[PDB]
Amino acid sequence: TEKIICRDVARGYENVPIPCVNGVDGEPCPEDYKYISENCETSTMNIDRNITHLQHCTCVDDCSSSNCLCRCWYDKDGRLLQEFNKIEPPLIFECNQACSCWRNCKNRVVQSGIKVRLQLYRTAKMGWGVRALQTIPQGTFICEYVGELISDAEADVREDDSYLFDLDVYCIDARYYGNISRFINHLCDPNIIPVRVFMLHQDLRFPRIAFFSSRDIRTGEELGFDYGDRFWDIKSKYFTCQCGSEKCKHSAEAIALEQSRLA
Amino acid sequence: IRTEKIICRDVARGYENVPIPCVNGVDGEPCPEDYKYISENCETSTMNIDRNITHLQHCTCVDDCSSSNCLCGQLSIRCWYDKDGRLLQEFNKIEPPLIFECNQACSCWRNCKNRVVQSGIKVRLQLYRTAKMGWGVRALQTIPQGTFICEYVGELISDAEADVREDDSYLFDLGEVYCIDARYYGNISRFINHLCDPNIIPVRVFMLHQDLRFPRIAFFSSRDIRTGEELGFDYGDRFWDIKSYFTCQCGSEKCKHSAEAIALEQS
Ligand SMILES: Nc1ncnc2c1ncn2[C@@H]1O[C@H](CSCC[C@H](N)C(=O)O)[C@@H](O)[C@H]1O
Ligand SMILES: Nc1ncnc2c1ncn2[C@@H]1O[C@H](CSCC[C@H](N)C(=O)O)[C@@H](O)[C@H]1O
Ligand SMILES: COc1cc2c(cc1OCCCN1CCCC1)N=C(N)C21CCC1
Ligand SMILES: COc1cc2c(cc1OCCCN1CCCC1)N=C(N)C21CCC1
Ligand SMILES: [Zn+2]
Ligand SMILES: [Zn+2]
Ligand SMILES: [Zn+2]
Ligand SMILES: [Zn+2]
Ligand SMILES: [Zn+2]
Ligand SMILES: [Zn+2]
Ligand SMILES: [Zn+2]
Ligand SMILES: [Zn+2]
C-alpha cells in the first residue's frame with residue numbers, strides 16, 4: 001500500500017507543501033541533502049548585483065505591452081506563449097527591483113515560486129521521481145533547478161556527478177543542497193523544458209534554470225526532461241535508461257542496436 | 001490642502017506584505033518620487049558580502065527553535081522573540097544585542113520562532129505629511145511593545161563614500177565601517193522622523209548571511225504605540241552635530257535639539 005512518508009519535503013520553504021509517498025519499496029524519505037529554495041554559494045562567485053547594471057523597464061502598468069524593455073514570453077495567466085521556441089529557448093529577463101512596475105506585474109512568473117501541486121514519489125525503476133497532483137497546461141512554470149553554484153572545474157572533481165546542471169562556464173550541483181527539482185528523472189519523451197531566466201541580477205554566468213511544461217500534463221504523470229548527451233555519455237557505462245518509452249534512445253537495447261548498427 | 005487626500009494607494013508598489021498608502025492634509029506636496037522604493041538592501045559597488053552557505057552558524061533544531069539548545073538563539077545570547085514574534089520585556093532596549101535569526105543552513109522549518117524580521121512588514125503604516133517635519137510615518141493601528149515594524153533599507157556604502165555624498169540626510173551607520181544610504185534607493189523607513197521621545201528602537205539583525213560588517217537594521221516598538229501616532233527614533237548625536245542648518249521640530253517637552261534647547265545649553 002502507498003504511504004505518505006513526509007507531509008512536506010520543502011519544510012514550508014515553498015508556496016505549497018511538497019509531500020513524499022512510497023508504494024513501491026521500503027526506502028524512507030531521502031535526507032542525504034539540504035533542501036534549499038534558492039541557489040547557494042560555497043566559494044566566492046561575486047554575482048554582479050549592482051542595481052545600476054540592471055536593464056529594467058519604465059512601465060507604469062502591469063507589463064502586458066510590447067513597450068516593456070524587459071519579447072515577454074508570458075501570456076496573461078503566466079504561461080509561455082505557443083510560439084515560444086521549446087527547442088532552442090531564448091534567455092528570459094523578468095522584471096526586477098530597478099523596474100518602475102508593481103511587484104505583481106505579468107513579467108515575474110519564475111520569481112513568484114511554485115504554484116502547481118507536485119509530489120515526491122518512489123518510481124518502479126528510477127528511484128525517486130516527481131509527479132503532478134493536478135493537470136498542468138502547456139507553458140506553465142513548474143519549479144526551478146536550485147542547488148550549489150560551482151565552476152565546471154569543481155564539477156569535474158566532484159565524487160557525485162548525478163545532480164549537475166550546466167549553466168552555459170558554471171554548474172548548479174544539487175547533490176548536497178537542492179530543491180524538489182533534484183528528484184526529476186530523465187525522459188526520452190520529455191514533458192518539461194529547462195529555461196535560462198534572469199530576475200534580481202543579470203550576471204550572464206549565472207542564469208537560473210526554470211522548468212516549464214512543454215505540453216499539457218495529466219494528473220499523476222511523472223515529470224521529466226532530456227538530461228542530454230553529456231550525462232548519458234558518462235553514465236551509460238554504469239546504468240541504462242529505464243524510461244520504458246517506445247522512443248527511448250538510452251535503454252541498453254537502444255545502446256546495443258546502435259553499437260551493432262555500424263558493424 | 002484643507003482636506004486630507006490619498007496621494008498614493010501604495011508607495012511600496014506591491015513589494016511589502018501590506019500596502020503603504022500616502023496621504024496629505026497639510027499642503028500641496030505630491031507623493032515623493034525623487035527615490036526608488038526597494039524592499040531589500042541594494043549595492044551600487046562591490047561590497048563582497050560573505051554569502052558562503054558553509055560559513056553560516058546554524059542550528060540543528062528538529063522542533064520550532066523554542067529550546068535553549070538552538071545555536072542561533074545562543075549566538076543572540078538567547079532567542080529574544082516571544083510566541084507572537086515580539087521582543088521580550090527583559091530585552092536591552094538601551095544596548096540591544098545582535099540578533100541571529102534562523103537561515104537556509106538551519107535544519108528547522110521556514111515557520112520556526114526565530115524568523116520575525118525575515119517575514120516582513122505586518123503592521124499597518126501610512127506615509128503622511130507632517131505639519132513641520134515634511135513627510136512622516138504613522139501607525140494605522142495600535143502596536144504593542146517589541147513588535148517588528150520595518151527594516152531600514154537602502155544602498156550599501158562605505159563610510160568614505162558616505163562622507164563624499166551631497167545628501168547626508170538618509171544615512172544609517174552600520175572591511176572597516178559601512179553605511180546604509182536611503183537617499184536614492186530606500187523603503188518606508190527613509191520617511192521616519194527623529195523624535196527626542198522615541199517609540200521605536202533600531203536592532204542589528206542577521207538572516208541569510210552572517211557578514212558582521214553588514215547587519216540589517218530592524219525597527220521594533222520600544223513601547224505600546226497608539227493608532228495615528230507618529231513613528232520615530234533617536235537619530236543620535238552624529239546627525240544632530242552636523243545638522244543643527246535646522247533645528248528639531250518634534251515639539252516634545254523632552255526635546256534636546258530644538259532652537260530653544262540649543263539656546264539654553266550654550267547660555
Ligand atoms: N531515465 C532514467 N533511467 C534510469 N535512471 C534514471 C533516469 N533518470 C534519472 N535516473 C537516476 O536518477 C539520477 C539523476 S537524479 C534524479 C532523482 C533520482 N531518481 C533519485 O532517486 O535521487 C541518475 O543518475 C539515475 O541514477
Ligand atoms: N525632529 C525633526 N525635526 C525637524 N526635521 C526633521 C526631524 N526629523 C527628521 N527631519 C527632517 O527629515 C530628514 C530625515 S529623512 C525623514 C523624512 C523627511 N521628513 C522627508 O519628508 O523626506 C532630516 O534631515 C530633516 O530634514
Ligand atoms: C553525469 O552528468 C553530468 C556530468 C557533468 C556535467 C553535467 C552532467 O549532467 C548533465 C545534465 C544531467 N543532469 C540535469 C540535472 C540532473 C542531471 N557537467 C560537467 N562538467 C560534468 C562532467 C563531469 C562533471
Ligand atoms: C548628518 O547625519 C549623518 C552624517 C553621516 C553619518 C550618519 C548621519 O546620521 C545618522 C543618524 C540619522 N539617520 C538615521 C537614518 C536616517 C537619518 N554617517 C556618516 N558617515 C556621515 C558623516 C558624513 C556622512
Ligand atoms: Zn515592463
Ligand atoms: Zn514589470
Ligand atoms: Zn521590468
Ligand atoms: Zn529512455
Ligand atoms: Zn534552532
Ligand atoms: Zn529556526
Ligand atoms: Zn537556526
Ligand atoms: Zn526634539
# chains A, B, ... in the order shown; residues from 1 in each chain; ligands from 1
$ interface_residues --of "chain B" --to "chain A" --cutoff "10 Å" --atoms "only C-alpha atoms" --output "PyMOL selection string"
chain B and resi 10+12-16+36-40+42-55+104-112+155+185
$ residues_near_ligand --ligand "ligand 9" --cutoff "9 Å" --atoms "only C-alpha atoms and all ligand atoms" --output "compact mmCIF listing (two decimals) with N, CA, C and O atoms, in the first residue's frame"
# COMPACT_ATOMS: atom_id res chain seq x y z
N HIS B 58 24.53 27.79 12.19
CA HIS B 58 23.12 27.43 12.06
C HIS B 58 22.78 26.47 13.15
O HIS B 58 23.69 25.90 13.77
N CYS B 59 21.49 26.24 13.36
CA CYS B 59 21.09 25.31 14.39
C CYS B 59 20.73 23.92 13.82
O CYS B 59 20.54 23.76 12.60
N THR B 60 20.64 22.92 14.72
CA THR B 60 20.32 21.54 14.36
C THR B 60 18.92 21.17 14.80
O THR B 60 18.56 20.00 14.72
N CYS B 61 18.11 22.18 15.23
CA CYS B 61 16.74 22.02 15.73
C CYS B 61 15.83 21.31 14.77
O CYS B 61 15.72 21.69 13.60
N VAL B 62 15.13 20.31 15.29
CA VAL B 62 14.14 19.50 14.59
C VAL B 62 12.73 19.87 15.08
O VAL B 62 11.74 19.37 14.53
N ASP B 63 12.66 20.76 16.10
CA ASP B 63 11.43 21.37 16.64
C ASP B 63 11.24 22.77 15.96
O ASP B 63 11.63 22.88 14.79
N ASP B 64 10.68 23.81 16.65
CA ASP B 64 10.42 25.20 16.13
C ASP B 64 11.40 26.26 16.69
O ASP B 64 11.13 27.46 16.60
N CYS B 65 12.52 25.81 17.28
CA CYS B 65 13.57 26.62 17.91
C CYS B 65 13.20 27.36 19.16
O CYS B 65 13.71 28.47 19.38
N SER B 66 12.38 26.75 20.01
CA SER B 66 11.96 27.34 21.29
C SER B 66 12.85 26.90 22.47
O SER B 66 12.75 27.47 23.56
N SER B 67 13.74 25.92 22.24
CA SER B 67 14.63 25.41 23.27
C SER B 67 15.95 26.19 23.37
O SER B 67 16.41 26.75 22.37
N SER B 68 16.56 26.18 24.55
CA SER B 68 17.85 26.80 24.88
C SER B 68 19.03 26.15 24.10
O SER B 68 20.15 26.67 24.12
N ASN B 69 18.76 25.01 23.41
CA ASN B 69 19.75 24.29 22.61
C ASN B 69 19.92 24.85 21.19
O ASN B 69 20.84 24.42 20.50
N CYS B 70 19.05 25.81 20.78
CA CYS B 70 19.11 26.48 19.46
C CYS B 70 20.41 27.27 19.38
O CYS B 70 20.61 28.18 20.18
N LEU B 71 21.30 26.90 18.46
CA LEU B 71 22.59 27.58 18.31
C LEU B 71 22.36 29.08 17.93
O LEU B 71 22.97 29.95 18.55
N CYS B 72 21.38 29.34 17.02
CA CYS B 72 21.01 30.70 16.56
C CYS B 72 20.55 31.62 17.70
O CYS B 72 20.99 32.77 17.76
N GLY B 73 19.78 31.06 18.64
CA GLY B 73 19.35 31.73 19.87
C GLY B 73 20.53 32.02 20.80
O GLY B 73 20.69 33.15 21.25
N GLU B 101 18.89 35.47 13.34
CA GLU B 101 17.68 34.72 13.01
C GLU B 101 18.07 33.40 12.32
O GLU B 101 19.23 33.23 11.90
N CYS B 102 17.12 32.46 12.23
CA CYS B 102 17.43 31.19 11.54
C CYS B 102 17.58 31.46 10.05
O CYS B 102 17.14 32.48 9.55
N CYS B 106 19.99 26.19 8.58
CA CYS B 106 19.32 25.59 9.73
C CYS B 106 18.48 24.41 9.27
O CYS B 106 17.92 24.42 8.17
N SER B 107 18.40 23.36 10.11
CA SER B 107 17.61 22.16 9.78
C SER B 107 16.13 22.38 10.10
O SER B 107 15.30 21.56 9.74
N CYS B 108 15.81 23.51 10.72
CA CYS B 108 14.45 23.85 11.14
C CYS B 108 13.56 24.23 9.95
O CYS B 108 14.06 24.42 8.84
N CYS B 112 9.72 28.51 11.87
CA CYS B 112 10.25 28.44 13.23
C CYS B 112 10.12 29.80 13.95
O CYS B 112 9.87 30.82 13.30
N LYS B 113 10.20 29.81 15.30
CA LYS B 113 10.03 31.00 16.14
C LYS B 113 11.11 32.12 15.95
O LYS B 113 10.92 33.21 16.47
N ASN B 114 12.23 31.82 15.27
CA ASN B 114 13.35 32.73 15.14
C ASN B 114 13.49 33.31 13.71
O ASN B 114 14.58 33.28 13.15
$ atom_distance --atom1 "CA of residue 6 in chain A" --atom2 "CA of residue 192 in chain A"
24.9 Å
$ residues_near_ligand --ligand "ligand 8" --cutoff "8 Å" --atoms "only C-alpha atoms and all ligand atoms" --output "PyMOL selection string"
chain A and resi 186-189+241-245+247-251
$ residues_around --residues "residue 24 in chain B" --least-positions-apart "3" --cutoff "10 Å" --atoms "only C-alpha atoms" --output "PyMOL selection string"
chain B and resi 1-8+27-31+127-130+135
$ write_last_selection --atoms "C-alpha atoms" --output "short mmCIF file (atom, residue, chain, number, x, y, z; two decimals), in the first residue's frame"
data_model
loop_
_atom_site.label_atom_id
_atom_site.label_comp_id
_atom_site.auth_asym_id
_atom_site.auth_seq_id
_atom_site.Cartn_x
_atom_site.Cartn_y
_atom_site.Cartn_z
CA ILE B 1 -4.79 71.46 1.17
CA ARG B 2 -7.61 71.90 3.79
CA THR B 3 -8.97 68.29 3.39
CA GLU B 4 -6.79 65.10 3.77
CA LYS B 5 -6.25 63.48 0.35
CA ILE B 6 -4.94 59.97 -0.52
CA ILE B 7 -1.95 60.75 -2.87
CA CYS B 8 -0.79 57.11 -3.45
CA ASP B 27 -0.04 71.21 2.00
CA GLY B 28 0.11 70.81 -1.80
CA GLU B 29 3.18 68.48 -1.87
CA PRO B 30 2.51 65.43 -4.15
CA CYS B 31 3.73 61.86 -3.48
CA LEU B 127 3.14 57.79 4.77
CA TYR B 128 1.77 61.20 5.73
CA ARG B 129 2.58 64.90 5.60
CA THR B 130 3.55 66.32 9.00
CA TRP B 135 6.82 63.55 5.38
#
$ residues_near_ligand --ligand "ligand 1" --cutoff "9 Å" --atoms "only C-alpha atoms and all ligand atoms" --output "PyMOL selection string"
chain A and resi 30+122-123+125-130+161-164+174-175+181-188+224-227+231+235+239-244+248+250-251
$ residues_near_ligand --ligand "ligand 6" --cutoff "9 Å" --atoms "only C-alpha atoms and all ligand atoms" --output "PyMOL selection string"
chain A and resi 56-64+68+70+94-96+99-108
$ write_last_selection --atoms "C-alpha atoms" --output "CSV table (one decimal), in the first residue's frame"
chain,number,residue,atom,x,y,z
A,56,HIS,CA,14.8,47.4,-16.5
A,57,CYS,CA,11.5,48.8,-17.8
A,58,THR,CA,9.7,52.1,-17.3
A,59,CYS,CA,6.2,50.5,-17.3
A,60,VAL,CA,3.6,52.1,-15.0
A,61,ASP,CA,1.1,49.3,-16.0
A,62,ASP,CA,1.2,45.5,-15.4
A,63,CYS,CA,3.8,45.0,-18.2
A,64,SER,CA,1.4,43.4,-20.8
A,68,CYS,CA,8.2,46.6,-21.9
A,70,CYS,CA,12.3,43.5,-20.1
A,94,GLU,CA,11.9,39.0,-15.7
A,95,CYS,CA,11.1,42.4,-14.1
A,96,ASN,CA,13.3,43.3,-11.2
A,99,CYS,CA,11.8,48.3,-12.9
A,100,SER,CA,9.2,51.1,-12.1
A,101,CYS,CA,6.4,48.4,-12.3
A,102,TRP,CA,4.5,46.8,-9.4
A,103,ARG,CA,5.6,43.5,-7.8
A,104,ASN,CA,2.5,41.9,-9.3
A,105,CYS,CA,3.3,42.7,-13.0
A,106,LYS,CA,2.9,40.0,-15.8
A,107,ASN,CA,6.7,39.5,-16.1
A,108,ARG,CA,7.5,37.9,-12.7
$ select_by_dssp --residues "range 175-229 of chain A" --states "strand (DSSP E or B)" --output "PyMOL selection string"
chain A and resi 175-178+185-186+192-198+208-213+217+222+224-225
$ write_last_selection --atoms "N, CA and C atoms" --output "mmCIF file, in the first residue's frame"
data_model
loop_
_atom_site.group_PDB
_atom_site.id
_atom_site.type_symbol
_atom_site.label_atom_id
_atom_site.label_comp_id
_atom_site.auth_asym_id
_atom_site.auth_seq_id
_atom_site.Cartn_x
_atom_site.Cartn_y
_atom_site.Cartn_z
ATOM 1 N N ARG A 175 23.477 18.006 -5.539
ATOM 2 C CA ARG A 175 23.801 16.850 -4.715
ATOM 3 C C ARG A 175 23.667 17.103 -3.224
ATOM 4 N N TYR A 176 24.253 18.183 -2.710
ATOM 5 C CA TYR A 176 24.248 18.453 -1.254
ATOM 6 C C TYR A 176 23.231 19.445 -0.840
ATOM 7 N N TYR A 177 22.964 20.407 -1.724
ATOM 8 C CA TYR A 177 21.987 21.448 -1.467
ATOM 9 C C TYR A 177 21.082 21.470 -2.667
ATOM 10 N N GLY A 178 19.781 21.309 -2.489
ATOM 11 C CA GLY A 178 18.894 21.309 -3.655
ATOM 12 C C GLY A 178 17.436 21.448 -3.318
ATOM 13 N N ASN A 185 13.505 12.961 -12.917
ATOM 14 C CA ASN A 185 14.188 11.953 -13.724
ATOM 15 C C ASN A 185 14.264 12.304 -15.188
ATOM 16 N N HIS A 186 15.174 11.658 -15.914
ATOM 17 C CA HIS A 186 15.316 11.837 -17.356
ATOM 18 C C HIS A 186 14.206 11.061 -18.080
ATOM 19 N N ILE A 192 8.766 18.460 -19.788
ATOM 20 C CA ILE A 192 9.231 19.755 -19.258
ATOM 21 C C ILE A 192 10.493 20.214 -19.971
ATOM 22 N N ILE A 193 10.657 21.535 -20.124
ATOM 23 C CA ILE A 193 11.846 22.095 -20.754
ATOM 24 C C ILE A 193 12.514 23.071 -19.816
ATOM 25 N N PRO A 194 13.852 23.028 -19.721
ATOM 26 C CA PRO A 194 14.535 23.990 -18.847
ATOM 27 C C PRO A 194 14.706 25.311 -19.572
ATOM 28 N N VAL A 195 14.542 26.428 -18.848
ATOM 29 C CA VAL A 195 14.697 27.775 -19.436
ATOM 30 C C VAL A 195 15.670 28.604 -18.596
ATOM 31 N N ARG A 196 16.576 29.344 -19.262
ATOM 32 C CA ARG A 196 17.527 30.241 -18.579
ATOM 33 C C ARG A 196 16.798 31.554 -18.323
ATOM 34 N N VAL A 197 16.650 31.929 -17.039
ATOM 35 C CA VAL A 197 15.939 33.106 -16.566
ATOM 36 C C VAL A 197 16.851 34.009 -15.736
ATOM 37 N N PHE A 198 16.602 35.312 -15.847
ATOM 38 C CA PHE A 198 17.266 36.381 -15.076
ATOM 39 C C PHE A 198 16.218 37.095 -14.326
ATOM 40 N N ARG A 208 19.294 31.363 -13.945
ATOM 41 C CA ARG A 208 18.530 30.492 -13.096
ATOM 42 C C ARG A 208 17.734 29.587 -14.024
ATOM 43 N N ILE A 209 17.681 28.322 -13.680
ATOM 44 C CA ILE A 209 17.044 27.283 -14.501
ATOM 45 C C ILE A 209 15.612 27.111 -14.106
ATOM 46 N N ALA A 210 14.702 27.412 -15.007
ATOM 47 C CA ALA A 210 13.274 27.272 -14.716
ATOM 48 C C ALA A 210 12.680 26.178 -15.579
ATOM 49 N N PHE A 211 11.895 25.258 -14.977
ATOM 50 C CA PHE A 211 11.231 24.250 -15.795
ATOM 51 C C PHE A 211 9.814 24.692 -16.099
ATOM 52 N N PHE A 212 9.441 24.576 -17.373
ATOM 53 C CA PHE A 212 8.102 24.847 -17.890
ATOM 54 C C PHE A 212 7.564 23.591 -18.590
ATOM 55 N N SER A 213 6.263 23.312 -18.487
ATOM 56 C CA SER A 213 5.673 22.164 -19.203
ATOM 57 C C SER A 213 5.727 22.412 -20.726
ATOM 58 N N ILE A 217 0.083 18.374 -19.263
ATOM 59 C CA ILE A 217 0.460 17.252 -18.416
ATOM 60 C C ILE A 217 -0.768 16.820 -17.641
ATOM 61 N N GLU A 222 4.429 11.538 -14.426
ATOM 62 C CA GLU A 222 5.798 11.810 -13.991
ATOM 63 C C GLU A 222 6.386 12.949 -14.794
ATOM 64 N N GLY A 224 9.593 14.952 -16.270
ATOM 65 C CA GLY A 224 10.935 14.633 -16.697
ATOM 66 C C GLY A 224 11.366 15.455 -17.871
ATOM 67 N N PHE A 225 12.659 15.605 -18.007
ATOM 68 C CA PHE A 225 13.257 16.358 -19.086
ATOM 69 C C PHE A 225 14.391 15.570 -19.722
#
$ select_by_dssp --residues "range 64-212 of chain A" --states "helix (DSSP H, G or I)" --output "list in words"
residues 110, 111, 112, 152, 153, 154, 155, 156, 157, 180, 181, 182 and 183 of chain A
$ closest_residue --among "A:23, A:77, A:200, A:136" --to "ligand 7" --atoms "only C-alpha atoms and all ligand atoms"
A:200
